Each structure stands twice: as structure tokens, then as C-alpha cells.
Amino acid sequence: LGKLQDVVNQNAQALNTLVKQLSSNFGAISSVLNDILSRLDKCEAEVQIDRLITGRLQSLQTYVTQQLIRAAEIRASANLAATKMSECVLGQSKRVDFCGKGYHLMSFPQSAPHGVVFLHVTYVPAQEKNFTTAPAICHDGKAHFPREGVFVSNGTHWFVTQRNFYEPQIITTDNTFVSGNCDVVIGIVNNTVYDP
Amino acid sequence: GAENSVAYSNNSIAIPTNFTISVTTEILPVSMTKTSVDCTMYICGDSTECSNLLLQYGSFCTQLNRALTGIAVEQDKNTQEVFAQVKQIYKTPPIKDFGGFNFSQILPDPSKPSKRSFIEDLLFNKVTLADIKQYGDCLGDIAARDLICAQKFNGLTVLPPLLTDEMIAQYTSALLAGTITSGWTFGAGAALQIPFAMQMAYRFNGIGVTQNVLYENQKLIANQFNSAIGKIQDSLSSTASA
Amino acid sequence: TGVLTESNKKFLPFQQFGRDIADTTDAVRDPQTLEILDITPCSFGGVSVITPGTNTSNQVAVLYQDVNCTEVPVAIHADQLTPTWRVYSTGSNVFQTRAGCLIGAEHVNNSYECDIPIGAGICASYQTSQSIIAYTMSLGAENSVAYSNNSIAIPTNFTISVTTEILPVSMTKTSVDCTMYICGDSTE
Amino acid sequence: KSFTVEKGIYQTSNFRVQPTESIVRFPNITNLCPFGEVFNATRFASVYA
Amino acid sequence: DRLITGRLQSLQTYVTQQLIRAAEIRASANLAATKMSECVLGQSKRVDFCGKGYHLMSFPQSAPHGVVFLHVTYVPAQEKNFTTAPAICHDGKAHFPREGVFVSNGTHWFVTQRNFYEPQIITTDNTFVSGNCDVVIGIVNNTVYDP
């Protein structure tokens, strides 16, 4: 939670620096109104107090400007948080890495001091295995392309498998679709397609 | 722009019969020059009386230095969050068999001390990057009256970025290798290998067109892609307005 | 106050001083021996202090920016400096970098994650006798990925990860009274 | 402006070097200036001339 | 003291402007990070987020204090007029395509995918039926082939 603590620390530090800046003379004989008004009458004290007024007003202007910068930063962060809540808590985001590594499934908001926390639950494929693939299968001259998934061989046979999980099933005319003769495709390999 | 009335009818649709594989180059700033300022050297150059008078403004000067330090750390953070998305430094396979696609100009050149690609070399040569200086030259040949020497003599130093351009090139090369050898899978966890033709087939199925049209036109597509790269190779080589 | 050196400038007979862009005098004609002398500040910015945080140790390292390690003492004027500043000016731990010269940390050929960034791909840390080390950062593990025109990798399992990420939303609302701050309670 | 510094790298100001000697470089002129001719003048001028 | 105040104010002005520009650059950097995550590491469906046309890939290239993206995109080029119809009344039932549109070259009708002209003959698996063929507006007569 370094971000939220940094925000709180920044605000507190800015206020404390503003208090500390009242010790500056700004060219006047002293940084205290009382000393100026007691040593000098308004005759000569007006100029000193005006110098002090100008300096302290400039200090306030500096503080307000820095606060506006930080407010813009926080507004950008808040807009991002609102977009995340709308697109990840209220929905399922297809944007890659927008909500956590892996394929986003859900998100759970949790309040935090001056901030929000998202628990992005994600699907991460873990145990991979090598396989020999092929873009298409030439059955009897025609080229078979899978509908969804890829053609995969364990060494002997071929199966259609969905892309993010190993659930092979035997080649079939409904799993695939035909498109033209099987001579133009590069990498095509021979096998038979089962037809119910 | 051009006036272009479009035909419209309740029973008339226009269907494409071909395509072009365009390559568009777009640029984004990521960081800016980190800078540091010495109040004492700038305001009260080396006089002790003026520094003693300035001591009562230590709060102001601490505030300024804190702000500039925050800016510098922010620049380093920006560069890291842009380029170091993945912490697995993949290296391109030695053999270039990507179904006819030619990635020569967007991969590292082994025949250069820096590990940049051709397009990167053009990009770095198209920007001057003038703030680079060695102290001692300012102490020596100052009759030239360089501006950087004045900035340094008035306490306005420029800090170097954390990530060297070679390191950024390494990160970019890792991203390219993962992209062309594993597709989108290396971003969602481990990098899973796939032939590039099947990868571009996945992309074609993504944009809403069947994958077969790729395999029936693969060579053509590859040529188009290469041609598009060639356009970039000249578009960044003649003009400097990009 | 500053450092005087000799230079070349063509001063017309009615000119004695020369001024730069910042209006500070930079060239002066010596009245006794007719010659031009250039005034430079006797210090320079570019000194950075690297340290593990106190409550751990008091050792530090010093980065002198854009100076060769051969010419660090003349640049820093170590002759006039205190004895405690001179030990950090030259020694056996002197290390040259693209950013500048680093003193007080031994150069290590190994690579780690960045603990205290320095610059130009150099990061420093506090090893375990105890001392400060400086090393080139590690960008991550080298991992060559197998690739072939007829080889695909398929997952057989999965993990349901949960990642926690935090975003600021608001900050402390504040209000300021000019009268109470500038002119506390005085009517004048 | 603190007694504790956390882990990191800090840009630091210039307090390390201090001056130790002074140099004077004036023209070498020995002719004392005519004070006795403007102050010890027998006669001054009228204010209009 | 007057000089000190003036020069300190000059420094404050410079630091403020630098903060403004830092915020601008941070916005640009956040956009660049989002682009790298969503276009280099993936395929973006967002229109014109990564180049004109349908995004396919993106290739990052480092640049001085910046990044460059080579958005490769699919742009359909050679278009042709056709006469369409929302549905086909076969024998009372209305046929709607699964993916693609019904297109006629003047004589026959085919189902064609939306972004490319690859017509194939009408078939019961290419289409699906839904109710009688009287409520639909623009429906036209033709026969659907059944294996």
C-alpha cells in the first residue's frame, strides 16, 4: 500500500512545509507580525507588513498550485479506477493485462483509505506440452481447416484441440470445414477425417 | 476533405474481394530528461554572505528539490512500466523460418556494438538528443561558450536515465521475439511456441475473417508485409517530421 | 570568489570585464599584467550520495557525475577539502561508469535486481564484511523459446491466480484561511 | 533537514568547499592624488560657472 | 535578499512548469504501456486504438526518450457491389445466416463471410431457421440445399 501511504504523506508534508514557511522574513526586519508592530509604528511598519503579506501570499499560491498538480494526478488515477470497476468488476475484460496477468475472469473491489483495491482473478495455463501441428489436413484432395482449435498429433494420430486447453477429440467433418483443393496450403499433411 | 457520396439502398451491400496489409508507424513519448537543481549554486553562486542569507529559505529549497526528485523517479518508473512488461528475456531463434515473413529490419543486428535493429538505428539517428558533456571541457575550452557549461556552472545538472538505451533495446528485442515465436501467450503467463503462419491465422480469425484465406494467400500476404516494412524503412529515412 | 584560469579573448582597449548570458562576470583583464583571465565557480553540481538507510549503517558511496576518475581531485578541489572528504575522493574502490565516477563501492561482475538505482544501467546495494556494492542490473532471466514450423505447445492444466492491485481514488480535502494564515489575528 | 535518511541516492548541495585565502590585484600607481589642489585651492569658482 | 527572492521565484516557476510537463509525459507513458500490453502482447478489438484497419500485430521499437509502434493492420481494398437480403424463405420457414450475409451475383444466392468474398452455396448448416417467413422485411425466395 505504498501508493496510498505516499498520497497521505504528500498531503501532510505539504501542509507542514506551509506551516514551516511562515518563519521566512521575505526581506522584512522579522518574520513575526508582533515584533514589527511593536518595534515600528504603522508609519514604517506598513512596508514591512506588506513585504510579509506578499511573501506569505506567494507561499499560499505555491501550495495551491502543487495541490492542483496532485489533484490532476489523483483524478487520472480515479478515472482509471472507475474504468476498471466498470470493465472488470461489472464485466469481463478482453484487454490484455488491463486487469491482472493471465486471462481475466472476475474482479472484487475492496475499499481502502483514500483508495480502492482490486482482486483480479485470472486463468493462467500452467503445464504445457510439446506437440506436432499442421495448418490443415488433406483428406481426399480437399483441405480441412479446424473450426475452433488446432490440429495436434501425439506421434501416431491427429486430433482437434481447443487452443488454451488439451482436450483432443477425433477429427470429424463437423469439427472442420473444407475449402478448395489441398495443393496451395503450405504445411498440409495427409490423414483421414471420420464422417458419422 | 474530399466530398464522397456513398451509395445506399435497402438491398445493396458492398463486399471486399481483396485486402492490403498496411503498416502504420506511430510514436509516443515515454520519459523526459531528468534534471536536478542546486539552490546554492544557482541563487548564491559561491558567495558565503548570500548563502547565509539564503539559509532561512531552506524550506523552499527542500520543497523544490523534493519536487524535482519526484519527477526523476517518475521518469524512471514510466520507462520501466512501458518496456519491462515481461521479465523473461527471450532471444530470437537462430533460423528465420516464419512462413515467408521477413523480420530482418525489426530484429537486432549482430554486426553492431549496440544490439539495435535497423529501424531503431534510423530512429536514433533521426533525433539529435542535445541536452552528453564531460566536465573538464567546460573547465578547459570555454571560449566556445557552450550552453551546457553555463547550466552546469549555475547548478542545473541533467541526471542520466536509469535504463541505458542498450537495455531498452534488449527489452524491445525480447518483446519482439516473444511476439513472433509465441504470439499473445507469453503475455498471459508462460511463452507457448507456435508456428508464425498459425499465429497469423489466429489473428485473422480474430479480426472476423476465416483462416483459410490466409493459407490460400500466405505468400502474397508475406510479400505485402515485407513491402510495407520497406515503405517504413524509407519513410523514416528521408523526412524528420515523423 | 572562484577559480582563475588563463584563456584567449580579444578585448578592445576600452573593455575590461566580460559578461556571459547569466550576466555574471566571466572574463576579466588583469590590470598589472595585461592578460585575460576566466573566472569559473570553484565547485560544481553533480555529486550524488548513495546510502542504505540509517538504522542499517553509516557507510556511503559518492557519484561524481561526468568526471573521469583521473581528474576527480582537481574538479572537486580535494586539496582544500576536509580530511573526511578526501577519503571518498580517491582509493581502491574507484569505479568508472557512463554516468561518472563512483567511489566507496566495489564493482561486482555479478548481476542482481535493482535495489538502489544509480544510472546508465548501474544499481547499488548493501551486501553481506558488510559493504556497498555496485553492479549492472539484470533485466531478467535469459530464456530461449523453442520454435519450429510444425511444433506447437498446448497447456494441459491451469492455475487460478488472484492478483491484488491498488489505486488512489481521492486525497485529503483541505481549506485555507488567508486571514488566519497571513495576518494571524492582527487587525492592521 | 533530518537526522535519518532512508535507503536511496540523493542529490546534495555544495557546502563541502570553503575559501581560505584572499587575493588583491590593483594597478601599480604611486602618484598620490591631487587632494591639495581641489580642497586646498586658493580660490573656488562661482556656482553658476 | 531581493535577488534571493526573485531567483527563488524563478526556480519555483521552472519546477512548476516541469511538473506540468511531467504529468503530460506520464499520461503519454501510461498510454504507451496500455498500447504495449493490448497490441504487442495481444490483439486489440478497439477500433483505431492501434492503427487504421483491423489490428493484427504490433512491433515495438525503442526511440530516444520514447517508443515507436509498427501497427500492422488488415484493410479490405477491392470492393464490389452486390444485392443482399436479410433472410431466405425456403418453404415457409425463414433462413438466417449463422455468420456472413446472403449475396446474389444476379442469378443465384450464396452465404459470404462479412469482410471477404468467399461465397458458398446455401445450406442448412450455414443457416438456421426461425419461424415462418412472413414477418421479415426484405425476405426473398430461394431454395436451400440439404445434404
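The first chain written gets the first letter, and so on, giving A, B, C, D and E; residue counts start at 1 in each chain.
Heads up, the rule we're going with is that contacts are C-beta pairs under 8 Å (C-beta built on N, C-alpha and C of every residue); 3 or more make two chains touch, one makes a residue touch a chain.
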{"item": "Fewest touching-chain hops separating chain B from chain D", "value": "1"}
{"item": "Identity of the chain that, by mean CA position, is farthest from chain E", "value": "D"}
{"item": "Distance-maximising chain from chain A - centres being C-alpha averages", "value": "D"}
{"item": "Centroid spacing, where centroids are CA-atom means, of chain C and chain D in whole angstrom", "value": "35"}
{"item": "Distance from chain D to chain A - Cα centre to Cα centre, in angstrom", "value": "61"}
{"item": "Centre distance in Å when chain D and chain E are each reduced to the mean of their C-alpha atoms", "value": "74"}
{"item": "Euclidean distance of C-alpha centroids - chain B vs chain C, Å", "value": "25"}
{"item": "Residue numbers of chain E (touch at least two other chains)", "value": "1, 12, 19, 26, 30, 37, 41-42, 45, 118"}
{"item": "Chain pairs in mutual contact under the definition given at the outset", "value": "A-B, A-C, A-E, B-C, B-D, B-E, C-D"}
{"item": "Residues of chain D that touch chain C when the two form their complex", "value": "3-12, 14, 16-20, 25-28"}
{"item": "Complex contact set, residues of chain C against chain D", "value": "1, 30-32, 42-45, 47-56, 63, 76-77, 80-82, 85, 115-118, 124, 126"}
{"item": "Complex contacts: residues of chain B adjacent to chain E", "value": "7, 10-33, 35, 37, 39, 42-44, 50, 53-54, 57, 60-61, 64, 67-68, 71, 74-75, 78-79, 81-83, 85-86, 106, 116-117, 119-120, 123-124, 127, 129, 165, 168-169, 171-172, 175-176, 179, 184, 186-187, 200, 203-204, 206-210, 212-213, 225, 228-229, 232"}
{"item": "Residues of chain E touching chain A in the complex", "value": "1-2, 5, 9, 12, 16, 19-20, 23, 26-27, 30, 34, 37-38, 41-42, 44-45, 118"}
{"item": "Chain E-facing residues of chain A, complex", "value": "25-27, 55, 58, 62, 65-66, 69, 72-73, 76, 94-98, 179"}
